[PDB]
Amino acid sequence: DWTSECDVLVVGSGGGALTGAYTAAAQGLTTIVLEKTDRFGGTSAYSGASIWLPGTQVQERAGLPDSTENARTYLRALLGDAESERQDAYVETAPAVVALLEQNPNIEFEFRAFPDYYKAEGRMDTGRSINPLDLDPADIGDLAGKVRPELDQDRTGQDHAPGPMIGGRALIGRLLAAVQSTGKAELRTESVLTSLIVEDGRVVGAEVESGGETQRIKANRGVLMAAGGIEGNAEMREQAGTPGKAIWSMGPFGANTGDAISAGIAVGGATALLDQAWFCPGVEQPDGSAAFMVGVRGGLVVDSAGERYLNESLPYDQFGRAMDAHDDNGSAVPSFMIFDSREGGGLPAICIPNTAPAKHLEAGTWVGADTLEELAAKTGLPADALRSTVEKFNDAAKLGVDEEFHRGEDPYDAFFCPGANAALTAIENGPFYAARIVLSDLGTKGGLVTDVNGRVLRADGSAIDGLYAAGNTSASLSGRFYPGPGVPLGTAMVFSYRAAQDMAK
């Protein structure tokens, strides 16, 4: 009947999942971690591993003037009372999560400056998020080769490049080492959750595919599903009304297809926010995929009418949401980023992965021209509107003020730029370029409804015993907002920890 048995079954291997697994395994509960693909970490591995866990011992070490209450105030100011109990659990539990994790020899974080994303009471203009320290891959042995590589390697048929493991690779490599060190955890790759097993109304285990064979794994205390969102599943996204496209998602291709959300729905779990994502502008690639565009430091962006319609320096989720709001049957998706040869043909932003300009020009995702009139012809933009847009923006750059969209009036805008306003630079030294910008995502954020301890709830608010969800398998407490750097990982980690604690009671 049962192929194996454990106390805590964890589905997925991102930051949340591994934090849940660690929490369970470190207090003596036998734990099995199931990863679908041949690598641990998912999108978490791709990430910069900024983590929004405020008011902890990490920020105390840095002498940061902030607190749990200040962070609570910020969330409340942005999110309102919707999900206030989960907002409270999120900020209140951050210190304990960080304390537990840093008690492991394989884990250490530090504060790294990066501004919160909205002007509101409680905002930190320099940020409050933390990051794992760089990791020498030699220091975790055979685990390094099981961590998913960064986007710049993973989508070009490559494994890790020669430096240290940084960002998400450090996060996942350190979490894995921690989980392994407990001696209470079994880490499996190529093991796919297919359905949950329910007895007398309680989730008691799961059915799983690996090795072509199907298995049944018993979970005495519970199942934590932290297996990502629906971002890779075009059908679910289209049914939910999610903007963007699977092909533009920055999740690992084919990994996060909503399997855990579906398995949860099948046993009665309610869902929410399925039309929402962690949005970002994406630089369209030759193969139809996208690259995360972050840290804009020049150029401007136009809709298909050749006009500016947003502050290009906006945090990525707000940028993406403005694309979607402006879009009318494709007038803003794609949009076009217009820039000159100031950076030798390079686009003035950080693009992940970072495809050379020559490949884009060869494929036609970018076009270049000696004049704006010619650029307009090649892109389908109106020449007069485009010329007029650029002249107006260049006047704004001269004055150092953008009266139309107020670019360069916020610490986030200034943060990425080294004239009168560092964020406003004239577009004037040809050749000129236009890059297609699409509506990408860093995962979706809709999913199973959960309570403050990660328990999956039915439509009436009752808890499905034995079943927990966190990360993008769960509907985010953040609703339509991306409050600052590290919220996706921070929420994932806090609720995975709380789920494991609940299972331990």
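Residue numbers here begin at 1 and follow the sequence given.
- Coordinates are absent for 1 to 3 residues of the deposited sequence placed between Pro418 and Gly419.
- The stretch 396-404 shows the higher mean C-alpha B-factor when 110-118 is compared against 396-404 in the entry.
- The mean C-alpha temperature factor is higher for 457-465 when 475-483 and 457-465 are set side by side.
- Within the group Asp136, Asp384, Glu231, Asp154, the record's highest C-alpha temperature factor is found at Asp384.
- Which of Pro149, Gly258, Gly282, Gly163 has the largest Cα B-factor in the deposited entry comes down to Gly163.
- Ranked against the other modelled residues of its chain, the C-alpha B-factor of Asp159 as given in the entry falls in the lowest third.
- Per-chain ranking of the deposited C-alpha B factor places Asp340 in the middle third.
- Sort the chain's modelled residues by C-alpha temperature factor and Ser47 lands in the lowest third, per the entry.
- Annotation for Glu60: C-alpha temperature factor in the highest third relative to the rest of the modelled chain, per the entry.
- Per-chain ranking of the deposited C-alpha B factor places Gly447 in the middle third.
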